[PDB]
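# Summary of structural features
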2 protein chains.
Amino acid sequence: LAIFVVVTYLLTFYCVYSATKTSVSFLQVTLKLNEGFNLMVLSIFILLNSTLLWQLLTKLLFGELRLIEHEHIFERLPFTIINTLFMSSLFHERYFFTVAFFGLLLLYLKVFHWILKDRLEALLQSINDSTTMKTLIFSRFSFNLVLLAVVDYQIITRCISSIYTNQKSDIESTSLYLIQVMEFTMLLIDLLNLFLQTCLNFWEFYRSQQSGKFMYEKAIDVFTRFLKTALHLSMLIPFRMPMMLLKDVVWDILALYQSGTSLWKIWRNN
Amino acid sequence: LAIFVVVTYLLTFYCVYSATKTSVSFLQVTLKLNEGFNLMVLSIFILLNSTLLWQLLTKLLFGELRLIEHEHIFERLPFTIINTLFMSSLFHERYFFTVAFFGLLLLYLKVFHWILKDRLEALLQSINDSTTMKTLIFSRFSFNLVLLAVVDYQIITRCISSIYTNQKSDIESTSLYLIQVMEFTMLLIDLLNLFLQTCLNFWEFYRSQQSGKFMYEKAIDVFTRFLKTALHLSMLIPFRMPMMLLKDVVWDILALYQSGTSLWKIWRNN
């Protein structure tokens, strides 16, 4: 594969070079490239470059990935892919390549988020060897979670600005981008859960170091389900394909059942 | 996820049931379902079912998958996905869901083929513990390879029949299906390589048991590259987007360079 990318570069260079050599003004070149085949070549090259970066970003964040992470990712992917493709298909007619881009972005982040969860478990397990040191060591989760948190927030902030700016012109495309807000919001919400769980885990450490948690853990997980449910439910307000959004609303309802079970335990305890 | 699928079933059932309850003839039902929303529901359900089967097919063939397989798969996937999507995009206008289906089929097989290669290495390594027994044990590769071989051949056979049958009507769609023949042929060719390599590995075993291989190994790998190159080159004959096919033709040319290196060693040896 590495060389496939090298060759794509060489083609891409020529494509530009040729348009350049055969023109006088950079604007003439700009169009020739954005007009035909050469644009598609550039697009392919960009996607390959993005992909290579995401692989690096894993190396700089998670490194090698543990078997257990590889397994969870492998299992979650084909279904993640179907569902993304379903919501994506809706707008292919107007935006296919932009949509394909966002499709990839959502995947790469979902993968990073799934991995992060497993990294929390690892840092929790190491508590006994660190003992006192967890006080500072736990920040290793933060230097994974926070980094993703910044990215998720930035995407949402940017999506919204764009939507508002052209909301009256993008009469259908608002749904494209507003769905993206929902999906990226869902990631931000899951990350918030991991934050809160981390906080409760650090809280237990503290109390031991200082020297009912189970229900505190449920309260976090129950709230999280509620918050996510509220998001997907409010998403059904716009006219464009509420029935397609509904598949996730319905999943959240299943989660709401799981909340019901946790709630029963809470209510019973009093 | 498991329950997402259960719910999809329940919806899908109702969708049909309702059309059924509210009709007299099965044909009225057939249309209502194939006419609107209910068709899409059925399509979603089918894709989920196919996915679950592919997961089972792994369990019945490769089981759990070794870390090394998980790693190779993980790394090869995003690029496999880009390139499939590129060739797929070309026909989305007329066939998106059929195309998406074939996209998934090509992936699942590529994954099975990548895994198979690694299973050959494992069976080769075990030679020393089996000693004499390799005589029969090696058939374990065959009960992986042959099974995929049957499937690859059947797909090709079926694709061709369909193409010929409607070749004069599918004036553009021939390219869709003919590209699929090429891609599935490429899998059949890679599998042929593994067969031949297995045969040469068994051949070495035999000679030891009976009691220059490196160049024999190269001759197989060099032929394989040639055969694949010839396929992709002949694929540029049809009018429809020879430039898109060209990306693989060009990759094969890179391989042809690798053949050149192996050939030099052969020519030198004489």
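Header annotation of the entry names cryo-EM as the structure determination method and lists the resolution as 4.1 Å.

It is worth spelling out the relation of the copies chain B and chain A at this point. The transformation that overlays chain B on chain A combines an axial shift of 0.0 Å with a rotation of 180 degrees, and the residual RMSD is 0.0 Å. Such a combination of turn and shift is consistent with a two-fold rotation axis. Most of the interface of chain B is mirrored in chain A, where 100% of its interface residues again form contacts.

The figure often quoted for interface size is the accessible area lost as the parts come together. With 39 residues of chain B at the interface, the matching set in chain A holds 39 residues. A buried area of about 3300 Å², summed over both sides, lies between chain B and chain A, and 84% of it is on carbon and sulfur atoms. It is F4, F74 and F79 of chain B in chain B that bury the most area against chain A; as a group they hold 19% of the surface buried on that side. Across the chain B-chain A interface, the total number found is 0 salt bridges. Our count for the contact surface shared by chain B and chain A stands at 0 residue pairs in polar contact.

Here the focus is the packing of aromatic side chains. For the coordinates displayed, the defined rule picks out 30 aromatic pairs over all chains. With centroids separated by 4.7 Å and ring planes inclined at 40 degrees, the aromatic side chains of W203 of chain A and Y216 of chain A adopt a geometry described as tilted. What makes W203 of chain A partly exposed here is its relative accessible area of 30%. By relative accessible area, which is 44% here, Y216 of chain A ends up partly exposed. Taking 4.8 Å as the distance between ring centres and 70 degrees as the angle between the ring planes, the aromatic pair formed by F96 of chain B and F97 of chain B counts as edge-to-face. Through successive ring pairs, a cluster of aromatic residues spans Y9, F13, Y14, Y17 and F45 of chain A. A cation over a ring is seen here: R268 of chain A above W264 of chain A, with NZ or CZ 5.3 Å from the ring centre.

Before going further, it helps to spend a moment on the packing of helix α3 (residues 37-59) of chain B against helix α5 (residues 92-125) of chain B. Residues and elements named next belong to chain B. Interaxial distance between α3 and α5 falls to 11 Å at its minimum, and their mutual angle equals 5 degrees. It follows that α3 is roughly parallel to α5 by the angle criterion. Contacts from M40, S43, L47, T51, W54, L57 and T58 in α3 reach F97, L104, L105, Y108, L109 and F112 in α5. Of the residues contributing to the contact of α3 with α5, the split by class is 10 nonpolar, 3 polar and no charged.

Below, the discussion takes up the domain arrangement of chain A. Here the domain parsing of chain A yields domain 1 (1-60), domain 2 (66-187) and domain 3 (212-270). Distance from the C-alpha centre of domain 1 of chain A to the C-alpha centre of domain 3 of chain A: 45 Å.

Right, let's talk about the nonpolar core for a bit. Judged by nonpolar contacts, the single largest core of 106 residues is most densely connected at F112 and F184 of chain A together with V111, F112 and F184 of chain B. Here the element with the most residues in this core is α5 of chain B; it accounts for 14 residues. The residues touching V111 of chain B, leaving out its near neighbours within four places in the chain, are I73 and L77 of chain B.

Residue and element names in this part refer to chain B. Checked against the element boundaries, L33 lands in helix α2 (residues 26-35). Residue classification places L33 among the buried positions, given a relative accessible area of 14%. If we ignore the near neighbours within four places in the chain, the residues touching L33 are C15, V16, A19, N38 and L39.

One number sums up the size of the second largest pocket: a volume of about 1400 Å³. Class assignment of the residues belonging to the lining of the second largest pocket gives a composition of 16 nonpolar, 12 polar and 12 charged.

Parameters at a glance
- Residues numbered from 1 in each chain as written, not as in the entry; some residues may be left out.
- Chains lettered and ligands numbered in written order.
- Heavy atoms only, no water.
- Least-squares fit on C-alpha atoms.
- Contact = heavy atoms within 4.5 Å.
- Buried area = accessible area lost by both parts, 1.4 Å probe.
- Salt bridge = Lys/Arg side-chain N within 4 Å of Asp/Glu carboxyl O.
- Polar contact = N/O pair within 3.5 Å; in protein donor to acceptor, adjacent residues only side chain to side chain.
- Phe/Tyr/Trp six-rings, centres within 6.5 Å; stacked < 30°, edge-to-face > 60°.
- Buried < 20%, exposed > 50% of the residue type's maximum accessible area, 1.4 Å probe, protein only.
- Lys NZ or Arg CZ within 6 Å of the ring centre and 35° of its normal.
- Axes fitted to C-alpha atoms, helices over the stretch in contact; angles between N-to-C directions.
- Helix = DSSP H or I, 4+ residues; strand = E, 2+ residues; numbered from the N terminus.
- Parallel < 35°, antiparallel > 145°, perpendicular 65-115°, else oblique.
- Nonpolar A, V, L, I, M, F, W, Y, C, P; charged D, E, K, R; others polar.
- Domains from an automatic or database assignment.
- Core = buried A, V, L, I, M, F, W, Y, C linked by side-chain atoms within 4.5 Å.
- 1 Å grid on protein atoms, 1.4 Å probe; cavity = no way out; pocket = protein on both sides within 12 Å on 5 of 7 lines; lining within 4 Å.
- Points joined across faces, edges and corners; volume = space filled by probe spheres on them.

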